[PDB]
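Novice: Next one to model:
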Amino acid sequence: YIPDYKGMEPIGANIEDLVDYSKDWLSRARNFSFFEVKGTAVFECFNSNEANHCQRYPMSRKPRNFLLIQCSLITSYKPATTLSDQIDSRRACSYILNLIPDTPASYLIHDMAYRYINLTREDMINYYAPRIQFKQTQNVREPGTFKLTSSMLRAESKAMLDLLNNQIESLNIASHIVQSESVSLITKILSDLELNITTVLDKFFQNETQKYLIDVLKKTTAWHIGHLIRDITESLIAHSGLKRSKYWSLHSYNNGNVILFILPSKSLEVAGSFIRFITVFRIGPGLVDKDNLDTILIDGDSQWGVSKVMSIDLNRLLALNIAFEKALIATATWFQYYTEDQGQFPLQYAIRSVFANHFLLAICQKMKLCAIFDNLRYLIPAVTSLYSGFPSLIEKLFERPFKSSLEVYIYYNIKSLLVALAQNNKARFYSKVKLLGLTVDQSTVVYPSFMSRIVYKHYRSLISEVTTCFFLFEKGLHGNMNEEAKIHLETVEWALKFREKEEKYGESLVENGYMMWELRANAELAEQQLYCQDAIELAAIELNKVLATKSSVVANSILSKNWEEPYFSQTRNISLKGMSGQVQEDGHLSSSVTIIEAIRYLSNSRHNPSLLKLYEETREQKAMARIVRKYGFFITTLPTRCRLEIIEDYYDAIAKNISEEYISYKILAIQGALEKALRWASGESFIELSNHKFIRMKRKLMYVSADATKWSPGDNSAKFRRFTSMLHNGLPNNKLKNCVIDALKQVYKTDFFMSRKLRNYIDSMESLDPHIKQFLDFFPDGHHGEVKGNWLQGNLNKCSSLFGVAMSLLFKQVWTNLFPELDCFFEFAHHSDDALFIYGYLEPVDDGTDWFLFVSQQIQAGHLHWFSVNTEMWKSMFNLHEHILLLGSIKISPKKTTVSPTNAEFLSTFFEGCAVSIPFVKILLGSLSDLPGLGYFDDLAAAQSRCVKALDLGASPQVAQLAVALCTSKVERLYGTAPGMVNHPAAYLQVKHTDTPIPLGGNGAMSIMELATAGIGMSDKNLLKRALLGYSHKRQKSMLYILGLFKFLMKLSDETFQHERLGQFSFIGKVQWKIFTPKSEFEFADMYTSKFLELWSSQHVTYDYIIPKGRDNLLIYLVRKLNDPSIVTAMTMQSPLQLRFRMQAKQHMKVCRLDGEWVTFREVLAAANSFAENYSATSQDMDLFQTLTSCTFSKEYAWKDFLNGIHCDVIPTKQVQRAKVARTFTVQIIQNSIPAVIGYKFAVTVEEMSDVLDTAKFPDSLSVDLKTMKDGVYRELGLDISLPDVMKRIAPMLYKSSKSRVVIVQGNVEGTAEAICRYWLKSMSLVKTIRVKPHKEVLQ
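Specialist: Numbering: from 1, shown residues only. Coordinates below:
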């Protein structure tokens, strides 16, 4: 049922009125919004912005410190050990005690060295003892620390400690001297870093990546400095515990040449805490900035740099810990991009320079560099086009102050590069190429590298280089304290502008729109946040001209949106996305989760309402918005999400029916527009004269790339109302359309709330600036203020895209009506937030006298709008298009919008951006970023899955293999399972490290190909199959021992309760690891006990395959989902408390579950060996093992078989780069889904039966389907489905789910998973051509 909502009565909007308005508008001069790229213009823009930056900022004469850790290396670095730490610390203290301190930091260092070197033998024994054998001493109260009180502290040291415990200038970027000094310093550091200290995939890796990348960088100073930095950051992390951070610590490295002093500090477990440390090193080549050192002590022919006190937080510490891996993966990505651009491997000097640059960027994590590279990502396209908004981007380069030498150096390089690129465009000339399927005239002009003296053939290599640089910075830098405040002020500024417009014109005009006659009378109404009602209606008519031919499809799509389906039974409504909660007693808006709000509603309700019913029950509630705590993003409340879902469902249903013409979802619309444009340009124009003669006019094209659909804080949602009122749908009534209009009306006004963090920051300002004064004045009660028009980045993308398409069609009709005699062209295409506009204009073939005479005569004959057509007609085309878009509330961005002629590189970049949305380097670096902390097996699986996802995003298999190796090495380091460390399974399990199951610390190192095809768990499956075969054939003892290990893991799993689900069924046992959740701090996690939840899960088995629809079962199901360890870990990902477990993992504490106790991983291994030694196989165990080996894991072994049965050979042909395209990695009797059939099988209750009936598409066939499949299991494999255990084992074998992976490939590849695998095998070499031998389908 749909309640009767009020509709909108149509207005008498006339297209000819808009045509007359455009006639008047085009009769005068208009300003083009973009600037010509000239080289001199870019240089002058840089100089003027330098002068302005000098004006706005107070001057600093001393560049700030940018190196968090200062050190030097002259010899190959050996990783630190406890014995090496002791020896190096003794030698280092002996070295330091001979020196004469000058500065207070030097005095503190001397005092610390004296205290450490005078600790007793028991103190030294307990200083390096593990937590198990540690015994507290008077001086040593924590394992790796000691005590240093004021009795032995000097006066200078004590004063310095007291000072430690208890306006924004900028460098003079306009000075050539400041640039010269910064360039000199950074050049010296980079040269120091570059110095040298003194399977088929396996073969390709050893010949290419090992030879040209790994062997080159293995000897560089950067490699060993990175390992030394990893050791230092490990010490700093180990000191960050609650008990240990209050004491002092001393560590040493490189035979005493590097010394770390750790001072008492607040623990990193609690948020907003810093570790303080001082690094003392021998002066030499490395990460040395002598001008920023605290002091330089002199010894006989030697120097010791003592740094100032460094305070580092948890995120910066983790980034510095993984800096070496980040730099190596960035350099490997650069390696692959270089081989793609040039077709050859880079030389040693270029790889060394790239690696040094990447390492310097990765160790120096600051927001200024990240913002600079973010801006460069769009600055590079802005100087390679004909027209762009590069002055605005160069201005954006100067928003924050310049503080360090590194910032000045990067800016100087960027200015040089951009001026060089802009000066390249002056050699533009017309030529001939083969675009799409035509020979067309293109206007082309050597792109220098940014870190080496390499020149690319394409500027997309430059763009990807800058992108990889930008992703070297942690995503935790965004947000911080400047971005949150900035987004708050931007929102409040746009709301204040909306209020000013309301005061000037009245609330009705800003909400309902202005009329065309008012626009003619005032001419200032054409702006952002205001729209013309006539323009909205006419754009709706223009879109209706396309929609009226597909009315049936649009209607069927809308009714296919399932408006009567229960709201909270859908996945998107029970997710962990993030949602605003309730207004608390103190008056703030709560940051909450979608599932938590779902449980809050159901617990206070008696039914699971549908979307329309939920909208009617919450209609009267006000929309509320907030900034997300830490994850510039907004979160809204449940009624706001419901209204946005109504609007977006309606408009997605409508917009999917024009996806092949205007809105690319794939690239068909853009290719069609390009084909039409190129076909049009092939012809010639003949303008008819009054004297029956003709003028010959030549056709040319201009392309504009713009982000027109992207959400803007300056916008008015109310326009959509009239749009919705006039858009044609096939429905016979207006109830659904009226409901959409009503939802739009209810989303108009929002309560935007300040955050607690920002409020505290404001209260700590101590000096309220005028903009801060206005921002605080925006909130009457100090908590929330009303916002209108702006929908706060809510999901309305399909509506905005459809609206933009309608306005572009309106412009197309208006321009056709303006020049009936002229034969002009216009074609546009939308893809996500991007849009490509193609204008086809006319130029005189001759000198142009006849054309000028014709234009003058047309002007004299009263057609005054021909003034805009005399020269540069495409400019007037774009001006009128932009003005018409502004008649809605669409402003084409002055920045980030590029204008080009026909150009192969421009179109290639646009199509590449359309095909791929995420660079694979982002996923590659996020693999090292952080781990879920759920144990060895889970962390390994997560890292491997991220590497496979990166491979799906276009990463070469060699780069992905290197990333897999690095991630596996890091996980083994964290859990101690690698050889030589205390958690190595080979010391307890009496089997080989490769014969050990992964949950028991086994060797998880696997090929990237098998991980991508077979999956992220096939090591255990292969081990089980081999052990079963060996025992069943030869009855060997070792195979029985491996089976016993698997049975021990299975018993471990049975000890715990993991109901799981069809999509996450597990059969190989897993060690249960300690997860220090906030003890279920979640609000509604305490509704039902774990025992009650386990009983419910056992009783209701059908709900393990489908989702309940009734309120009670849904509430219990959602509580159970809340109580999932994996969901708990994800819901506390950004909590600063997690590191405790990491430390407990590194200290090898009692973090594993065994016999209802918390024990060490070593104790788990000992129990595993004890169980496996006495284990004897039974009939039930052998039967089960056969079901898993031959049936459950059957699909994965098949991909392995195909992998092992393939043959590839090198063809004497150079590799050819191709356009990248997305494909689907997807690998009949039963007409219902397997989850529905199985739930029907297990349905015993009326509620469960009804739930499966609603879930199933064809309920009537359900039983029949079950029957036939119940035959197959008892016919193809001879197993009894009637047993629930057998059903659970066989269900994931019969479930052909997932495969919804999207893989980026080249053009030739097909959509078959076998084709994707064959393409991956052909891309196993970065230079050579690989041909597969079978040349047929060899996958079962």
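Novice: going forward, measure contacts between C-alpha atoms and count neighbours the same way
Specialist: Noted.
Novice: Can you show me the helices along the stretch 951-1100 of the chain?
Specialist: Taking DSSP state H, counting those that start in this stretch, the helices of the stretch 951-1100 of the chain run over residues 957-975, 1008-1013, 1018-1034, 1037-1055, 1090-1099.
Novice: Pipe those helices into JSON lines and attach distance to residue 789 per row.
Specialist: Compiled in JSON lines, the helices of the stretch 951-1100 of the chain are given as follows (distance: least, Cα to Cα, whole Å):
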{"stretch": "helix 957-975", "distance to residue 789": "46"}
{"stretch": "helix 1008-1013", "distance to residue 789": "46"}
{"stretch": "helix 1018-1034", "distance to residue 789": "53"}
{"stretch": "helix 1037-1055", "distance to residue 789": "54"}
{"stretch": "helix 1090-1099", "distance to residue 789": "45"}
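Novice: Adding mean neighbour count and distance to residue 1188, write the ones you listed out as JSON lines.
Specialist: Formatted as JSON lines, the helices of the stretch 951-1100 of the chain follow (neighbours: other Cα atoms under 10 Å; distance: least, Cα to Cα, whole Å):
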{"stretch": "helix 957-975", "mean neighbour count": "23", "distance to residue 1188": "27"}
{"stretch": "helix 1008-1013", "mean neighbour count": "22", "distance to residue 1188": "19"}
{"stretch": "helix 1018-1034", "mean neighbour count": "18", "distance to residue 1188": "8"}
{"stretch": "helix 1037-1055", "mean neighbour count": "20", "distance to residue 1188": "12"}
{"stretch": "helix 1090-1099", "mean neighbour count": "14", "distance to residue 1188": "22"}
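Novice: Which one of those lies nearest to residue 1273?
Specialist: helix 1018-1034 (20.9 Å; Cα to Cα).
Novice: so what does that closest one touch, helix or strand wise?
Specialist: helix 1037-1055, helix 1179-1186 (3 or more Cα pairs under 8 Å, 6 or more residues apart in numbering; DSSP states H and E).
Novice: now the ones you listed as JSON lines including distance to residue 859?
Specialist: What follows is the helices and strands packed on helix 1018-1034, written out as JSON lines (distance: least, Cα to Cα, whole Å):
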{"stretch": "helix 1037-1055", "distance to residue 859": "86"}
{"stretch": "helix 1179-1186", "distance to residue 859": "89"}
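Novice: Of those, which is nearest residue 26?
Specialist: Closest among the helices and strands packed on helix 1018-1034, once you apply Cα to Cα, is helix 1037-1055, at 75.5 Å.
Novice: by contact count, what packs against that closest one?
Specialist: By 3+ Cα pairs under 8 Å, 6+ apart, helix 1037-1055 packs against helix 1018-1034, helix 1161-1173.
Novice: will you turn those helices into TSV that also has distance to residue 79?
Specialist: Converted to TSV, those look like this (distance: least, Cα to Cα, whole Å):
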stretch	distance to residue 79
helix 1018-1034	30
helix 1161-1173	24
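Novice: out of those helices, nearest to residue 1232?
Specialist: helix 1018-1034 (29.1 Å).
Novice: And stretch 892-899, what's buried?
Specialist: 892, 894-899 (16 or more other Cα atoms under 10 Å).
Novice: and if you look at stretch 810-823?
Specialist: Buried, per 16+ other Cα under 10 Å, within stretch 810-823: 810-816, 818, 822-823.
Novice: Tell me where the stretch 201-350 of the chain has strands.
Specialist: All strands of the stretch 201-350 of the chain, identified by DSSP state E, counting those that start in this stretch, fall at 249-253, 258-262, 275-282, 286-287, 295-299, 302-306, 310-312.
Novice: State the paired neighbours of the third one in the sheet, together with their directions.
Specialist: Yep, that's strand 275-282 we're talking about. Here strand 275-282 has these sheet partners by DSSP bridges: strand 258-262 (antiparallel), strand 302-306 (antiparallel), strand 310-312 (antiparallel).
Novice: Longest helix of this structure, counting residues only.
Specialist: Ordering each helix of the chain by length in residues (DSSP state H) puts helix 482-505 first.
Novice: could you check the distance from residue 1187 over to residue 1193?
Specialist: 9 Å (Cα to Cα, to the nearest Å).
Novice: With neighbour numbers in mind, choose between those two.
Specialist: residue 1193 (22 against 17; other Cα atoms under 10 Å).
Novice: Spit out the contact partners of that one.
Specialist: By Cα atoms under 8 Å, 6 or more residues apart in numbering, the residues touching residue 1193 are 1021, 1293.
Novice: next one: phi and psi at it?
Specialist: phi -90, psi 20 (degrees, to the nearest 10).
Novice: now do residue 701
Specialist: phi -120, psi 150.
Novice: what's the answer for residue 346, then?
Specialist: phi -70, psi 160.
Novice: what sits against it?
Specialist: Residues near residue 346 by Cα under 8 Å, 6+ apart: 212, 335, 338-339.
Novice: Pull up the gap between it and residue 1329, please.
Specialist: Residue 346 is 18 Å from residue 1329, by Cα to Cα.
Novice: and what of residue 958?
Specialist: Distance, residue 958 to residue 1329, by Cα to Cα: 15 Å.
Novice: circling back to that earlier point, take the strands of the stretch 201-350 of the chain and lay them out in CSV including distance to residue 757.
Specialist: Shown next, in CSV, are the strands of the stretch 201-350 of the chain (distance: least, Cα to Cα, whole Å):
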stretch, distance to residue 757
strand 249-253, 33
strand 258-262, 30
strand 275-282, 22
strand 286-287, 36
strand 295-299, 38
strand 302-306, 36
strand 310-312, 21
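Novice: now the helices: where do they sit in the stretch 451-600 of the chain?
Specialist: 459-471, 482-505, 507-512, 516-522, 533-547, 551-559, 594-603.
Novice: and residue 854, which of these is closest to it?
Specialist: Residue 854 sits nearest to helix 516-522 of all the helices of the stretch 451-600 of the chain, at 29.2 Å, using Cα to Cα.
Novice: if we can go back for a sec, if you compare the strands paired with strand 275-282, which one is most tucked away?
Specialist: With neighbours defined as mean count of other Cα atoms under 10 Å, the strands paired with strand 275-282 peak in mean count at strand 258-262, which reaches a mean of 24.
Novice: about what we covered before: any chance of the buried residues of stretch 810-823 in a markdown table, plus distance to residue 1042 and secondary structure?
Specialist: Listed next are the buried residues of stretch 810-823 as a markdown table, based on distance: Cα to Cα, whole Å; DSSP: H, G, I helix; E, B strand; the rest coil:
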| residue | distance to residue 1042 | secondary structure |
| --- | --- | --- |
| 810 | 72 | helix |
| 811 | 72 | helix |
| 812 | 72 | helix |
| 813 | 75 | helix |
| 814 | 77 | helix |
| 815 | 77 | helix |
| 816 | 78 | helix |
| 818 | 82 | helix |
| 822 | 82 | coil |
| 823 | 79 | coil |
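Novice: Pick the one among those closest to residue 9.
Specialist: Checking the buried residues of stretch 810-823 one by one against residue 9 (Cα to Cα), the nearest turns out to be residue 810, at 21.0 Å.
Novice: rewinding a little: so for the longest helix of the chain, what gets flagged as buried?
Specialist: 484-485, 487-489, 491-496, 498-499, 501.
Novice: Residue 569 and residue 607, how far apart?
Specialist: Counting by Cα to Cα, the gap from residue 569 to residue 607 is 11 Å.
Novice: now the residue positioned nearest the centre of the chain, nearest residue through space, not along the chain?
Specialist: Nearest residue to the geometric centre of the chain (Cα atoms, centre = their mean): residue 922, 6.5 Å. When the adjacent residues along the chain are set aside, residue 922 lies closest to residue 471, with 6.0 Å between them (Cα to Cα, 6 or more residues apart in numbering).
Novice: Tell me how many other residues crowd that neighbour.
Specialist: Other residues close to residue 471 by other Cα under 10 Å number 22.
Novice: contacting residues for it?
Specialist: Here residue 471 is in contact with 921-922, 925 (criterion: Cα under 8 Å, 6+ apart).
Novice: Show only the entries of these found in helices.
Specialist: Reading helices off these with DSSP H, I get 921-922, 925.
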